Every structure is written in C-alpha cells, then in structure tokens.
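Asks: This one's a deposited entry, sequence included:
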Amino acid sequence: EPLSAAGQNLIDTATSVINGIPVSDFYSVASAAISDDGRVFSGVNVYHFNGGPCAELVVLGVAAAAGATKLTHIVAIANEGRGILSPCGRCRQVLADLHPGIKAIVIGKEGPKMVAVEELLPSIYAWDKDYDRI
Amino acid sequence: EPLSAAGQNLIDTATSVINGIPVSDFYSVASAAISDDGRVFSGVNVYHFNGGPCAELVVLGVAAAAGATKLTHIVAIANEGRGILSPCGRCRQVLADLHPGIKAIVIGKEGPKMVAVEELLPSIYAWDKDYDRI
Amino acid sequence: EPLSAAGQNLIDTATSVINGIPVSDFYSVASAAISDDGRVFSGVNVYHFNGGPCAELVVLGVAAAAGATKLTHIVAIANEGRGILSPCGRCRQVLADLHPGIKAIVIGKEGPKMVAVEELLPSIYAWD
Amino acid sequence: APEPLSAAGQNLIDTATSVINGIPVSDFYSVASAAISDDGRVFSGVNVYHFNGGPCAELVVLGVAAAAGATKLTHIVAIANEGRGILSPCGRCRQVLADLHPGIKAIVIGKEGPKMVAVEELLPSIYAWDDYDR
Ligand SMILES: [Cl-]
Ligand SMILES: [Zn+2]
Ligand SMILES: [Zn+2]
Ligand SMILES: [Zn+2]
Ligand SMILES: [Zn+2]
C-alpha cells in the first residue's frame, strides 16, 4: 500500500520532533502515530540496556494518556536526517498485540509503503492478552 | 525530604491523567515529572510481556521530545482513585542512569516523601553509559 | 525449508524440558538452539512486566556462557501440549541482530518448517 | 542486616568467574551470573546485551534454573568480565528477583568483603507486582 498524504504528515511530524532536540545517543528516534479520530501523537525513544522503550512505545503511552484507543498508522524517524526506520521486532509485537491492524510506514521499492503490522510478523505469535503468560 | 508544592502538583497531574481514561489492565498507571525549568510532562504505561514501558519511562520519552534534559522530580499514580506507587526496580535503574539525582515521590511515615533515586538503589550498579556493555 | 533431523532432535529436547518441570505462574515455554559445533542449549522463559526474557533469550545467554559463537537453529515449545510457538517479535529482533541467519522452527502447512529469522522480519530493522 | 559471604556464596563467585573467564571478551556477553537452589544445584549464564531489553546474566540464570526444575533459589551473584568482579544487581534484576524469588540473597561488595543481602533490602520503599483473573 502506497504512502498517503496522512502518512507523509506523520513522517513530517516525527522528523520535526527528532530535529527539534539535540543530537543524542539516548534519545535518537522520534515516532508519530495517528488515531482513527485524526489526532496525532509523538514521542522519542529512551535508550537503556534494561529495555528502554523505542519511540513507538513512548507514542503508545502518550496516545493511551490521551484516551486514543485506536491507532491506525505509525512511523519512526532517525536523527540527523537519517529518515524512516522500520519498526523493530519488539515494536511489531507490541503493536500487533495492542493495536491490531495498525500500519507501519517503511521504505519500499517505488516509495514508502504502509504495511499492517501483522504482515511484518509472518507466522505470527499472537499473545492471548487475557493471561499473564506466553 | 517532605513533599513539596511542586511534588503535590505532580501527584495532582498524574492523578488527573490516569483517572481521565477508561480503566484498563494495560494502561493502568500515570506518571508526571518536572524539569529544572518547571515544565511538567506526563504519560501512561504500556503493559506488554516484551517489557512495555512503565509510565515513568513514557514520561522520559515525552520530556526528551520536548528537549527537557534535566528532570528533578517524578511520581507514579495507580488507577481507580488509588495513589502513589513507588518506582519499580527497572524505573529506578533507568532514572539513576539517565537522570542522576532525580527524586521519586513515595509513601512516607508523616506524608509522602521525595527520595533521590540513588537512595532507592543501595549498593548501586552504575552503568558506564559511554559503552554498549554491562 | 522442511523440518530436518537436527530440527526434530531440537524439538525433542525443548519438549522434554517444558514437560519435565511443574506448572508455574512465571513460565510456560521452553526453547532449545543448535550451535555450529553440534552443541545444544536449552532454557525456559521468565515472565515479568519489566521484560523478563522469553525462553529463546535465556537460551542465547546459555550459548554465550558456553562460548558458543554461532547458533544455526532455534525452537520454542509451549506447555500444556500447545506445541511449537513462533518467536515473538522481540525474539526475532535479538536473533537477527546477534545470530544472523539462524533458522526458527515454526508451524506451516505440511508441519514444522525452518525459516531464517530475517524472513520473519520483512522490511527489517538492523541495529547498527 | 547483611550476612557475611558463605562457602556456597564463594562457590557461586567461583562458578561465575570460571564461566566469564572461559569465553572471548565481548561487549554483548560481558557478565556471568551463578545462583544456588535449595536442592544444592548451581546454575549459571551470561547476559545478552540488546536494546530491546536483552536479559542480564541473572535473568538468564533464572531461566536455566527453571528449565532444570529448581523452583527455589536462595543466593545469586553477578561477576563481570576482565576481572571487573562483583556487580550488584541492576534495578530490573532486583525487581524480577523480588517478584519471582522473594528472599533471594544477592551477593554485593562490602567494605570488609562481599555480603549477602535479601533482594527486598536492595529496593527500599519496594514496588510489589500484585491479578488472580489473569
Ligand atoms: Cl525489556
Ligand atoms: Zn522498536
Ligand atoms: Zn517501573
Ligand atoms: Zn519471544
Ligand atoms: Zn541486571
């Protein structure tokens, strides 16, 4: 699926966010997501060896705090003009479990594409969220 | 150290945030922190078995996105009208490593107290942040 | 890739592990991996809200402790006869970053198949 | 009060030391851990450094112990590579240990030799993970 105007806006928002702060090894990626009501949420990562969140997960916390229950699209943007970063595996899993069908923006052959997170986890592990077990 | 006026405001802010969203197993705690220039940032947790961030780590990402490099105080508040939660061990580590000397607000004998995160990790492990190693 | 004799031996090992221990509130999956020296390492998950490791990550730590530099295959077997579990997304990332080309054993149409971890992360994010 | 290092404690230091010394110096695998169960078996492992929260050595040990059917761990230590010696558990490890192995004693440095400290004492104003439905 090709990048929409809304997707380009997410790229632009996340780029503005990461470029708005000093270059840091700890806070090096911004993410923005849009809700089904059209609100945009953004954040930056927190790098730490105990599993500090990616930018996408910070965005999930910001959206939750705003009561935006349904997120439809999300992108991650690297610092220093480095562009789109695909979601890492952890981000894919958390997004598939908590926001099924959310589309992540990634680099593609003819231009950026918008890919449902489940397609980013072929042969998926689907957490049964009703239980505190794997 | 007894709770300060700014500390009470962080409690009030986090309380307002968590009680402003539907009760959820997954988005169940809010956090608020203040910067050295008086800016207050908030967020909610994202529970997930792959290590979804606590509310405190969402706040760190929000604060970083705003360019607030120095955070001085932080609190976490439970849902359903329910009050202060001390930081978990992971939050203590991340806070100690990334925001040295930040005070966490916790329950105390005469009222809430504000404790330097390092005092919440006796016999501390200090990450040498210059390296991708423990 | 169809399941190999080595992959079946790995499934036997992981199944033996999870079926050999009691029920717990904190674990539910065993994993086993193969090294390019023919070594096999196993472990069970550690469930915790701060990101306790999956079984596969425990296995990586056991491999590392043994000085085992290259792992070629891995599988995760759930308790209660639930069978093979595909790696979760975090496991895929760690495996791709630390053990490029490792094959995860997953369930496909004709039974278990073995799939390079990179194929389990289309449009991959590579840690620099 | 902290207990002085026991013979079993020293055997864990020796185990972790032999483990970490027996492998190539690496930034990804830089710490070994060893723990002893009530049934007297010793379990060991090395950390897996990764930005998605790859486990510390202690967490690997918990998985090793569980796979072996050893449900009760009483003492644990972490030994760093390059003769760097005892590392105290990080904040995440303290939380996981307290929640999963209450009363386990961590071996940490002391002014008069190493001491063995109940992990709850390493988390003043402790956060306890509480849910019967899940
Ligand atoms: Cl984690
Ligand atoms: Zn990520
Ligand atoms: Zn926490
Ligand atoms: Zn996993
Ligand atoms: Zn640790």
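Replies: Looks like it arrived, so ask away. Numbers count the residues shown, from 1 in each chain, chains lettered A, B, ... in the order given. Ligands and ions are numbered 1, 2, ... in the order given.

Asks: which ones are touching residue A:58?
Replies: Neighbour list for residue A:58: A:31, A:43-46, B:43, B:53, B:57-58, B:61-62, B:65 [criterion: CB atoms under 8 Å, 6 or more residues apart in numbering or on different chains]. For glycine as for every other residue, the C-beta is placed from the backbone atoms N, C-alpha and C.

Asks: so which strand or helix has it?
Replies: helix A:55-65 (DSSP states H and E).

Asks: Generate a PyMOL selection restricted to the buried subset of the contacts of residue A:58.
Replies: Per 16 or more other CB atoms under 10 Å in any protein chain shown, the buried members of the contacts of residue A:58 correspond to this PyMOL selection:
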select buried, (chain A and resi 31+43+44+45+46) or (chain B and resi 43+53+57+58+61+62+65)
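
Asks: quick one: which of the contacts of residue A:58 is nearest ligand 1?
Replies: Ligand 1 lies nearest to residue B:53 out of the contacts of residue A:58, by CB to the ion, at 8.6 Å.

Asks: Chain A versus the closest one, what's the distance?
Replies: Separation of residue B:53 from chain A (CB to the nearest CB, to the nearest Å) stands at 4 Å.

Asks: what about that residue, distance to residue B:13?
Replies: 18 Å (CB to CB, to the nearest Å).

Asks: do the same with residue A:99
Replies: As judged by CB to CB, residue A:99 and residue B:13 stand 26 Å apart.

Asks: Equivalent analysis for residue A:115, please.
Replies: Relative to residue B:13, and taking CB to CB, residue A:115 is found at 37 Å.

Asks: Residue A:121 reaches residue A:95, doesn't it?
Replies: No: using CB atoms under 8 Å, residue A:121 is not in contact with residue A:95; the gap is 9.3 Å.

Asks: Comparing those two, which residue is more hemmed in?
Replies: More crowded of residue A:121 and residue A:95, by other CB atoms under 10 Å in any protein chain shown: residue A:95, with 29 against 24.

Asks: which residues does the residue of chain A at minimum distance from ligand 1 contact?
Replies: Residue of chain A nearest ligand 1, by CB to the ion: residue A:51 (2.3 Å). The contact partners of residue A:51, by CB under 8 Å, 6+ apart, come to B:51, B:90, C:50-51, D:51-54, D:92.

Asks: Just give the nearest non-adjacent residue to it, would you?
Replies: Nearest non-adjacent residue to residue A:51, counting by CB to CB, 6 or more residues apart in numbering or on different chains: residue D:53, 2.0 Å away.

Asks: For the one you found, list the residues it contacts.
Replies: A:49-52, A:90, B:50-51, C:50-51, C:90, D:92.

Asks: And for residue A:59?
Replies: A:31-33, A:41-43, A:74.

Asks: Take these and lay them out in a markdown table including distance to ligand 1 and secondary structure.
Replies: Output for these, formatted as a markdown table (distance: CB to the ion, whole Å; DSSP: H, G, I helix; E, B strand; the rest coil):
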| residue | distance to ligand 1 | secondary structure |
| --- | --- | --- |
| A:31 | 17 | strand |
| A:32 | 23 | strand |
| A:33 | 21 | strand |
| A:41 | 22 | strand |
| A:42 | 22 | strand |
| A:43 | 17 | strand |
| A:74 | 20 | strand |
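
Asks: List only those of those flagged as buried.
Replies: Neighbour counting with 16+ other CB under 10 Å marks A:31-33, A:41-43, A:74 as buried within the contacts of residue A:59.

Asks: near ligand 3 too, which of the residues you listed?
Replies: Among the buried ones among the contacts of residue A:59, no residue lies close to ligand 3 (CB under 5 Å from the ion).

Asks: Take these and lay them out in JSON lines including distance to ligand 5.
Replies: Converted to JSON lines, the buried ones among the contacts of residue A:59 look like this (distance: CB to the ion, whole Å):
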{"residue": "A:31", "distance to ligand 5": "27"}
{"residue": "A:32", "distance to ligand 5": "32"}
{"residue": "A:33", "distance to ligand 5": "31"}
{"residue": "A:41", "distance to ligand 5": "31"}
{"residue": "A:42", "distance to ligand 5": "31"}
{"residue": "A:43", "distance to ligand 5": "25"}
{"residue": "A:74", "distance to ligand 5": "30"}
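
Asks: For the residue of chain A found nearest ligand 5, the count of nearby residues, please.
Replies: When scored by CB to the ion, chain A has residue A:50 as its residue closest to ligand 5, at 7.0 Å. Counted with other CB under 10 Å, the neighbours of residue A:50 add up to 26.

Asks: Pull the contacting residues for it.
Replies: B:90, B:93-94, C:50-51, D:53, D:56, D:90-92.

Asks: Show me the longest helix that occurs in chain A.
Replies: When chain A is parsed with DSSP state H, its longest helix is helix A:5-19.

Asks: contacting residues around that one?
Replies: For helix A:5-19, the external contacting residues (CB under 8 Å, 6+ apart) are A:3, A:28-34, A:40, A:42-44, A:55, A:73-79, A:81, A:84, A:105, A:112, A:114, B:65.

Asks: ok, and for it, which residues are buried?
Replies: Across helix A:5-19, burial judged by 16+ other CB under 10 Å covers A:7, A:10-11, A:13-15, A:17-18.

Asks: Also stretch A:75-95?
Replies: Buried, per 16+ other CB under 10 Å, within stretch A:75-95: A:75-79, A:84-95.

Asks: what sits against residue A:69?
Replies: Residue A:69 touches A:35, B:22, counting by CB under 8 Å, 6+ apart.

Asks: so how far is ligand 2 from it?
Replies: Using CB to the ion, to the nearest Å, we find residue A:69 at a distance of 21 Å from ligand 2.

Asks: doesn't that residue fall inside a strand?
Replies: No: assignment of residue A:69 by DSSP: H, G, I helix; E, B strand; the rest coil gives coil, placing it outside any strand.

Asks: In space, not sequence, find me the middle residue of chain A.
Replies: Most central in chain A under CA atoms, centre = their mean is residue A:56, positioned 3.7 Å from the mean C-alpha point.

Asks: Go ahead and confirm it touches residue A:76.
Replies: Yes: contact status for residue A:56 versus residue A:76: in contact at 5.9 Å, counting by CB under 8 Å.

Asks: Name the residues contacting each of the two.
Replies: Joint contacts of residue A:56 and residue A:76 (CB under 8 Å, 6+ apart) are A:31, A:87, A:91.

Asks: ok, and the closest non-adjacent residue to the first one?
Replies: Among residues not flanking residue A:31 along the chain, residue A:55 sits closest, at 3.5 Å (CB to CB, 6+ apart).
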